[PDB]
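Okay, so here's the structure we're looking at.
Within every chain, numbering begins at 1; the chains are lettered A, B, ... in the order of the sequence lines, protein sequences first and strands thereafter.
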Amino acid sequence: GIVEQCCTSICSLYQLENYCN
Amino acid sequence: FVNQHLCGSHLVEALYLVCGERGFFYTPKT
């Protein structure tokens, strides 16, 4: 998931925004 | 914005910034 993706690869701020409430 | 390489607590800081007062969920794989 996002926590693993951002660490093992890269992720965008737009992808992180999917986890906002 | 630029892409991100975020591990551990650095990803929580990034979520905090992106989401602000909306809050967020931190959901690692177990």
Side-chain angles (χ1 to χ4, degrees):
Chain A
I2 192 68
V3 171
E4 299 75 34
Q5 181 205 141
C6 288
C7 185
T8 67
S9 179
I10 64 183
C11 66
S12 70
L13 299 188
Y14 295 95
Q15 290 167 334
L16 293 184
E17 201 185 22
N18 292 144
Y19 297 81
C20 304
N21 198 35
Chain B
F1 305 128
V2 295
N3 292 318
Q4 308 287 314
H5 183 201
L6 301 162
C7 301
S9 58
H10 300 291
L11 169 63
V12 163
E13 290 286 341
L15 284 165
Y16 175 80
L17 289 171
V18 168
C19 300
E21 69 168 8
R22 297 182 276 189
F24 64 86
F25 307 84
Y26 177 70
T27 55
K29 188 167 161 199
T30 59

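Shown here are the side-chain contact (heavy atoms from CB on, under 4.5 Å) partners of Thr27(B), two or more places apart in sequence or in another chain: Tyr19(A), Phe25(B). Here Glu4(A) pairs with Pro28(B), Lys29(B) under the side-chain contact (heavy atoms from CB on, under 4.5 Å) rule; sequence neighbours left out. Here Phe24(B) pairs with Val12(B), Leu15(B), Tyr16(B), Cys19(B), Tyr26(B) under the side-chain contact (heavy atoms from CB on, under 4.5 Å) rule; sequence neighbours left out. The salt bridge (charged side-chain N to carboxylate O under 4.0 Å, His left out) search around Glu13(B) returns none, not counting sequence neighbours. Legend: residues meeting side-chain contact (heavy atoms from CB on, under 4.5 Å) with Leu13(A), ordered by chain and number and at least two apart, are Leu16(A), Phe1(B), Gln4(B), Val18(B).
For residues 10-21 of chain A, every residue pair satisfying the salt bridge (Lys or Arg N to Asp or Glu O under 4.0 Å) rule, not counting sequence neighbours, is listed here: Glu17(A)-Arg22(B).
By the rule that hydrophobic residues join a cluster once side-chain heavy atoms approach within less than 4.5 Å of another member, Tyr14(A) and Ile10(A) end up as members of separate clusters.
In the displayed structure, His5(B) atom NE2 is contacted under 6.0 Å by more than 12 heavy atoms of other residues, nucleotides or ligands.
On the SG-SG cut-off of under 2.5 Å, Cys6(A) and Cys11(A) qualify.
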